[PDB]
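>
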Amino acid sequence: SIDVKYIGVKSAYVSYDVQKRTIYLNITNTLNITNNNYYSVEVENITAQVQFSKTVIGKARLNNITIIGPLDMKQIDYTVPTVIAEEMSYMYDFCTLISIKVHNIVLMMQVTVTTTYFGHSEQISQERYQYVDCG
Amino acid sequence: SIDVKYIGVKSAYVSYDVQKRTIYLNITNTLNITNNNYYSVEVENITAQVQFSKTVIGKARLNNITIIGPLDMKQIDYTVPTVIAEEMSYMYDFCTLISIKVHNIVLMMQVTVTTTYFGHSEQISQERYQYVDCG
Amino acid sequence: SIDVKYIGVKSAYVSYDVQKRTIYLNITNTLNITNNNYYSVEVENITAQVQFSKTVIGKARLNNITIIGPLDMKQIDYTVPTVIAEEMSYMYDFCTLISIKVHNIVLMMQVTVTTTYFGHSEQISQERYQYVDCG
Ligand SMILES: *[C@@H]1O[C@H](CO)[C@@H](O)[C@H](O)[C@H]1NC(C)=O
Ligand SMILES: *[C@@H]1O[C@H](CO)[C@@H](O)[C@H](O)[C@H]1NC(C)=O
Ligand SMILES: *[C@@H]1O[C@H](CO)[C@@H](O)[C@H](O)[C@H]1NC(C)=O
Ligand SMILES: *[C@@H]1O[C@H](CO)[C@@H](O)[C@H](O)[C@H]1NC(C)=O
Ligand SMILES: *[C@@H]1O[C@H](CO)[C@@H](O)[C@H](O)[C@H]1NC(C)=O
Ligand SMILES: *[C@@H]1O[C@H](CO)[C@@H](O)[C@H](O)[C@H]1NC(C)=O
Ligand SMILES: *[C@@H]1O[C@H](CO)[C@@H](O)[C@H](O)[C@H]1NC(C)=O
Ligand SMILES: *[C@@H]1O[C@H](CO)[C@@H](O)[C@H](O)[C@H]1NC(C)=O
Ligand SMILES: *[C@@H]1O[C@H](CO)[C@@H](O)[C@H](O)[C@H]1NC(C)=O
Ligand SMILES: *[C@@H]1O[C@H](CO)[C@@H](O)[C@H](O)[C@H]1NC(C)=O
Ligand SMILES: *[C@@H]1O[C@H](CO)[C@@H](O)[C@H](O)[C@H]1NC(C)=O
Ligand SMILES: *[C@@H]1O[C@H](CO)[C@@H](O)[C@H](O)[C@H]1NC(C)=O
């Protein structure tokens with residue numbers, strides 16, 4: 120939330136990086152570093168806090184009631200045949216793949232019907248995605 | 120939220136980077152660094168806070184009621200055949216792929232019907248996406 | 120939440136990295152480092168806090184009631200045959216794969232119907248994804 124970074128190869132504060140086939144002969148490197156850091160991140164100062172939720176019923180006549188959740192799946196048909204016919208023939212399959220519904224990252228918070236919150240919520244995702252690499 | 124960065128290859132504060140086939144002969148590098156940092160990020164100052172939610176019923180007559188969630192899927196048909204017929208023939212498949220519904224990043228917060236919030240919510244996603252690389 | 124980083128290869132504070140075939144002959148490296156760090160992360164200061172939830176019924180007549188959860192799956196059919204017919208033929212399959220529903224990361228918090236929160240919730244995911252690599 121404060122210092123989120125994505126670094127590809129190299130990350131450094133003071134780097135005298137050297138690489139292939141070099142001559143580092145008579146250098147006189149000298150440093151003088153002062154790097155004081157002060158974090159006072161999201162400190163609270165609270166006197167009172169109330170989360171109230173009341174449901175009062177009475178003399179109440181209620182018929183059919185349906186409150187369904189935050190994702191319903193109904194009558195979902197996946198209908199993928201795969202028919203191969205081959206008479207006196209030559210076939211060559213490489214990097215052949217058939218994928219159906221598939222997920223890599225699935226993150227859910229506060230997936231309800233009724234919710235009362237107080238706080239600080241984060242979701243951070245850092246990757247190097249590579250699905251198909253055939254060659 | 121404050122210092123979000125995406126770095127491709129190299130990230131540094133003071134970098135005397137050297138690369139292929141060089142002559143670093145009589146240099147007299149000298150540094151003098153003062154890098155004081157003060158973070159007071161989202162500090163609160165609160166005397167009172169109330170999250171009130173009331174539902175009062177009474178002498179109330181209610182018929183059919185339906186409150187459905189924040190994503191419904193109904194009668195979704197995926198109908199992808201794949202028929203190959205080959206008589207006395209030559210076939211060559213490489214980097215051949217059939218993909219159906221597929222996700223990589225799925226993040227959800229506060230997916231409800233009724234919600235009362237108080238706070239600080241973030242979603243950060245940093246990647247290097249590469250779906251198909253065949254060659 | 121404060122210092123989240125994704126580093127590809129190298130991470131360092133002060134790195135005199137050297138690589139292939141080099142001459143590091145008469146250097147006079149010198150350092151002087153002061154790196155005081157002070158973290159006071161999310162310290163609270165609270166006098167009172169109440170999470171109240173009441174449900175009062177009485178003289179109440181209720182018919183059919185259905186409150187279903189935050190994800191229902193109903194009548195989901197996966198119908199993927201795979202028929203191969205081969206008379207007097209040559210077939211070659213390599214890196215051949217058929218995948219059905221599949222997940223790698225599944226994280227859920229506060230997946231309910233009714234929820235009252237107070238606090239600090241995080242989800243962090245860092246990876247190097249590589250699904251198919253055949254070659
Ligand atoms: C630096 O090193 C070289 C070596 O080739 C030498 O000839 C030269 O006198 C040196 N000078 C100092 C100031 O160290
Ligand atoms: C290096 O930094 C310190 C920190 O204040 C300072 O007192 C000093 O004069 C600087 N130089 C040297 C040569 O030490
Ligand atoms: C608010 O400020 C600081 C905490 O950050 C503290 O010294 C002060 O007493 C707080 N005030 C109250 C009323 O709590
Ligand atoms: C709703 O309630 C009535 C009763 O008044 C009932 O006849 C009907 O079947 C209910 N609805 C469903 C979908 O069952
Ligand atoms: C720097 O190094 C070179 C080496 O080729 C030398 O001839 C020269 O006298 C040096 N000078 C100083 C100031 O160090
Ligand atoms: C380096 O920085 C410090 C910090 O204030 C300063 O006192 C000093 O004069 C600077 N120069 C040297 C040569 O130390
Ligand atoms: C608000 O300001 C600071 C906290 O940031 C604190 O010193 C002060 O007392 C706070 N005021 C009240 C009324 O809490
Ligand atoms: C709605 O309620 C009536 C009762 O008055 C019922 O006949 C009807 O079937 C209900 N609707 C559905 C879709 O069931
Ligand atoms: C540095 O090392 C070289 C070795 O080739 C030498 O000739 C030179 O006199 C040295 N100088 C110092 C200042 O150490
Ligand atoms: C190194 O840093 C310290 C820390 O303040 C300082 O007292 C000193 O003068 C600096 N230089 C040397 C040569 O020690
Ligand atoms: C709030 O500020 C600090 C804690 O961060 C503490 O010294 C002070 O007494 C706190 N105030 C109250 C009323 O608790
Ligand atoms: C709803 O309740 C009525 C009674 O009044 C009943 O006849 C009906 O079958 C119920 N609904 C379902 C779907 O069973």
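Quick note, the sequences are listed as chains A, C and B, same order.
In this text, residue positions in the first sequence follow PDB author numbering: the first is 120, and each later residue adds one.
In this text, residue positions in the second sequence follow PDB author numbering: the first is 120, and each later residue adds one.
In this text, residue positions in the third sequence follow PDB author numbering: the first is 120, and each later residue adds one.
We put the CB at the ideal spot given by N, CA and C, even for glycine.
Looking at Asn151 (chain C) and ligand 6, is the gap between the Cβ and the nearest heavy atom below 7 angstroms?
Indeed, a heavy atom of ligand 6 lies less than 7 angstroms from the Cβ.
> Measuring only the C-alpha atoms, how far is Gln229 (chain A) from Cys214 (chain B)?
40 angstroms
> Which whole runs of the beta strand (DSSP E) in the segment 153 to 189 of chain B are 3 residues long or more, in chain order?
156 to 158, 169 to 175, 184 to 186
> Whose C-beta lies closer than 8 angstroms to the C-beta of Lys129 (chain A) among residues of the same chain, with five residues either side of it excluded?
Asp136
> So is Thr234 (chain A) buried or exposed if we call it buried at 16+ other beta carbons inside 10 Å?
buried
> Find out if the Cβ-Cβ distance for the pair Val162 (chain C), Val123 (chain A) is shorter than 8 angstroms.
no
> Assuming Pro189 (chain A) and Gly188 (chain C) form a contact by the criterion Cβ under 8 angstroms, report the distance between their Cβ atoms to the nearest whole angstrom.
Right, the Cβ-Cβ distance comes to about 4 angstroms (below 8 angstroms), so this counts as a contact.
> Would DSSP call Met207 (chain C) helix, strand or coil?
coil
> Any heavy atom of ligand 5 within a distance shorter than 7 angstroms of the CB on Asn145 (chain A)?
yes
> Is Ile186 (chain A) near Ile186 (chain B), with beta carbons less than 8 angstroms apart?
yes
> If we count the other Cβ atoms within 10 Å of its Cβ and call it buried at 16 or more, is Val160 (chain A) buried or exposed?
So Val160 (chain A) counts as buried.
> Return the first residue and the last residue of the beta strand (DSSP E) that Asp191 (chain B) is part of.
Per DSSP, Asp191 (chain B) belongs to the beta strand (DSSP E) from 191 to 193.
> Return the chain-ordered list of same chain residues with a C-beta closer than 8 angstroms to the C-beta of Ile219 (chain C), the five sequence neighbours on each side being excluded.
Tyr197, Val199
> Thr233 (chain C) bridges to which residues according to DSSP?
A:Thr233
> By the 10 Å Cβ neighbour count, where 16 or more other Cβ atoms means buried, how is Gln249 (chain B) classified, buried or exposed?
exposed
> Any heavy atom of ligand 8 closer than 7 angstroms to the CB of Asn183 (chain B)?
no
> If you follow the beta strand (DSSP E) that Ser218 (chain B) is in, where does it begin and where does it stop?
216 to 218
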